[PDB]
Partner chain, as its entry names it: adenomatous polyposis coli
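The form deposited without the partner chain is given below as one chain in C-alpha cells.
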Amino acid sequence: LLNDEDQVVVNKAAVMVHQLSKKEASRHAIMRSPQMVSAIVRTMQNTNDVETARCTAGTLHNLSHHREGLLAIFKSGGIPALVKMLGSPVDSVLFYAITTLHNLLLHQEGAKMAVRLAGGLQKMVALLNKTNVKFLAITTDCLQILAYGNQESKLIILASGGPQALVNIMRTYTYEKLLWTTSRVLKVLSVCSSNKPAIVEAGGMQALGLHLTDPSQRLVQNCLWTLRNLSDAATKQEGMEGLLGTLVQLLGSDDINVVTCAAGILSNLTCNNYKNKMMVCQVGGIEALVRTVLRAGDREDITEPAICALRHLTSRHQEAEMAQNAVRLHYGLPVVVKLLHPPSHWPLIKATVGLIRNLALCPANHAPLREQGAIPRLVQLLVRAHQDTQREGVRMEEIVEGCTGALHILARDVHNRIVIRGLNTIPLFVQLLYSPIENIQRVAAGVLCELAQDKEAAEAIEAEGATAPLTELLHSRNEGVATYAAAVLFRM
C-alpha cells in the first residue's frame, strides 16, 4: 500500500494502478484513501492516449464494486468525469464508463441527481444508436433508473429523441435482456403525457406488438403494460392488424395480467376506430371477448374493459350487425344482463348498459334480452339513478342517460313496449323531459316516441301532461330532441 503520485508525460503509473485494483487488498487501500482516486479521475478526464483512458476507466470500474469505492469516486467528482467519457471513441472506455455509472446509479446515494446535473441523460440517449447489445442493455437500464418517478428526466429524454431511439431498438434487436430493459424504459415514459404521443408517433405500438408472443413472460408483460398506456386515445395507426390478432389470442391466456391487459388494449384501440373494430371482429374477437367475460366472473378488472370492447365492436362499423348477433350466438346475453346486478360497481354497470343498448339494435336480440330480464333491471337502475340526481367516478346522470337510451332501443319491439309501460315508466320518462341535459331530453323523448305508436300508451303519455314540456322542446337547439318531441306530439 504505497504509491499515490504521478506526473505528466507518464501513464505507466495508471498501468500500475490498474492491477492493484484487481487485487482486493491493494484495492481497499487505494479507495480508503481519497488521495489518488482524485488523481485517477483527472488523468482519464484529460489525456488523449487511448490505452491510458481505458486503464483509468477500468480502475474506477473495479472500485465501483465496493460501497466505499462508490463513495470514493462520488466524493471525488467522478460522475461528471464519467459522463464526459460517454463521448469517448474507444468502445472499451465507453463500456467502463457506462458500467461504472450503472453501479453508481444502482447503489450510491445521490448518484442519480449527480448524473442528471452532469448532463448524463442527454449523453445516454445519444448512445442509443450504438450496436452492441450488452452495451445497449446497460445504457437503457441507466435510463430506466433515472426516468422512474422523475418527470423532469422524462421530459429531457423526450427532448433528446428518446422515444424514437427506444422504439428502433424494439424493432431491431432480439437480445431478451435488452428488449426487456428497453420495454421498461418505454413503460416509464408511456405514462408521461408528452412522451406518450411521441412514442406512438415513432411507431411504438406496432413495435411492442412484435414481442407479444416472445417466450419471456417479463418481456411480454412489460410490452402489454406499455401498450395499455399508449393505446388510450392514440392517433389512428397503420399496420395494426398483427397486433390486434395477437391481442385477441392473448385473451385466452391463463395469466390474468395478460388477459386484463389484452382486454384493456382492445378496448382502447377499438373506441371510435371502425377499421380496428372490423379487424377485431374478423379474427373472432366477439367470441373471444364473450368467453373472457364468462370466465372472469365477478372480476371487474377483466369484465369492465372486455364489456367496453364489446360495446365498441357492436356499434358503427360494417360488421356491427354481425357482431350484435355474435354476442347472442356465443351465449353472451345472459351474462351481460347479470352484470347489471350487484356486486357490479358503477364503471362496469355503465359499460354494460351501453353494450345492451347496442345489442338491442339487433331485432333477434329483442326477445332474448327481455326473457333474460334486462328490462326491469334497467328500469330499477334508471329510477334510483334519477332520484340520486335530484337529491367522483360515474355521474348518476350518465346512468340515467344510458338506461333511458337502452330502453329507447328496446322499445322498438311491441312486447318490450308492453313490459316497459307495465313498469310505470311513463311518468318518469315525462319528468326526464325537464332535464337540463340535452342528451337525456333526447332519449326520453325518443323512448316516449316509440311508446306513443301504440294508442293506449299515447293516451297515457298525454294524461301524464307531456304536451307542455314536449312543446317547449320543439324549440330545442338540439335537432334530435326537437325531432322526437315533434314526433310524440304528432302521435298524441
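Residue numbers count along the first chain shown, from 1. Take the two forms, find the largest set of C-alpha atoms that superpose within 1.5 Å, and that set is the rigid core.
- The deposited sequence places 10 or more unmodelled residues between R391 and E392.
- As listed in the deposited structure, the average C-alpha B-factor of 306-314 and of 135-143 is greater for 135-143.
- Comparing the deposited coordinates for 217-225 and 73-81, the stretch with the larger average C-alpha B-factor is 73-81.
- Reading the B-factor column for the CA atoms of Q453, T425, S38, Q441 in the entry, the top value corresponds to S38.
- Residue set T100, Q151, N365, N273: peak C-alpha B-factor at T100 (per PDB entry).
- The PDB entry assigns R171 a C-alpha temperature factor belonging to the middle third of its chain's modelled residues.
- Ranked against the other modelled residues of its chain, the C-alpha B-factor of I30 as given in the entry falls in the highest third.
- Among the modelled residues of the chain, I461 sits in the lowest third by CA temperature factor in this PDB entry.
- When the modelled residues of the chain are ordered by C-alpha B-factor, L432 sits in the middle third.
- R357: CA B factor in the lowest third of modelled residues in this chain (values from the PDB entry).
What comes next is about the form solved in complex with the partner chain, which is not displayed.
- When the partner chain is considered in the bound PDB entry, only one residue from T43, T425, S435, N62 comes within 4.5 Å through any heavy atom, namely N62.
- Residue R228 is the only one of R228, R377, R370, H386 with a heavy atom lying within 4.5 Å of the partner chain in the bound PDB entry.
- Though the partner is left out of this view, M396 does not reach within 4.5 Å of the partner chain in the bound PDB entry, counting heavy atoms only.
- Taking the partner from the other structure, the partner chain in the bound PDB entry has a heavy atom within 4.5 Å of a heavy atom of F135.
- Although the partner is absent here, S92 sits close enough that one of its heavy atoms falls within 4.5 Å of the partner chain in the bound PDB entry.
- For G264, a non-hydrogen atom is located within 4.5 Å of the partner chain in the bound PDB entry, even though that partner is not displayed.
- Along 110-124, a single residue, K112, places a heavy atom within 4.5 Å of the partner chain in the bound PDB entry.
- Core-based superposition between this form and the one not shown leaves all of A288, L105, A234, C281 but one with CA shifts under 2 Å; the exception is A234.
- Expansion of the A233-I356 CA spacing by 3 Å or more is recorded in the bound PDB entry, set against this form.
- Put simply, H61 and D6 spread apart in the bound PDB entry: their C-alpha atoms are 3 Å or more farther than in the form shown.
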